[PDB]
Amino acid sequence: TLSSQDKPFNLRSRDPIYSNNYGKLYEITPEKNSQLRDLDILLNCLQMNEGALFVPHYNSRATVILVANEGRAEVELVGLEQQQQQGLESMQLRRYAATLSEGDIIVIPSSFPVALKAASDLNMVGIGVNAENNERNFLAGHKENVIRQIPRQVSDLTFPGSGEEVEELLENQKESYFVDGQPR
């Protein structure tokens, strides 16, 4: 990496977008890097400890492919299948769970909620396609929780309980993105 700098000169890291304890995530986007900028990819590095659930989320635009560099992962993907189907209830609700592992690849469509589990100490690379514009919305955790935004009156109407009862259930988890997977 030479001082005659300027090309398709190589790239690597910056402050993770989600560091923590339980785990971290670094992520080069297209809007902040030119060799991908015109490539439309998002690249991202995901590191976690024995047992740190990446908590339910879904990317808005990007479709991310993930490879297991190092470790053992338990992925749990969630779905509604093909609209060459034409019937609401007549659809599917599927859960795709795989314990991936050094070698394997998981494809992760753009709105389908995902959650991971770091069975071993994990190193994962993310090659996101359909980048420009992606947002990650969370359904659990303390920062960027979205179940935490539906106003009160609506929550009552929406979830099997109530306004006040959602708002609790919700912050009964003072942690961010990667949290404790410790079962019972």
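The numbering used is simple: start at 1 and walk along the sequence shown.
Colleague: Take the C-alpha B-factors listed in the entry for 32 to 40 and for 123 to 131, compute each mean, and give the stretch with the larger one.
Modeller: Per the PDB entry, the higher value belongs to 32 to 40.
Colleague: Regarding 113 to 121 and 57 to 65, which shows the higher C-alpha temperature factor on average in the entry?
Modeller: That would be 113 to 121.
Colleague: By the record's CA B-factor, is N10 among the lowest, middle or highest third of residues in the chain?
Modeller: CA B-factor rank for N10: middle third.
Colleague: Report the third (lowest, middle or highest) to which the CA temperature factor of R152 belongs, ranking only the modelled residues of the same chain.
Modeller: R152: CA B-factor falls in the highest third of its chain.
Colleague: Could you look up the Cα B-factor of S162 in the entry and say which third of the chain it sits in: lowest, middle or highest?
Modeller: Its C-alpha B-factor, which the entry lists for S162, ranks in the lowest third among residues of this chain.
Colleague: Using the B-factors in the PDB entry, rank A97's C-alpha atom against the chain and give the third, lowest, middle or highest.
Modeller: Answer is middle: the recorded C-alpha B-factor places it there.
Colleague: Taking only the Cα B-factors deposited for this chain, tell me whether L88 sits in the lowest, middle or highest third.
Modeller: As the PDB entry reports it, the C-alpha B-factor of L88 lands in the highest third of its chain.
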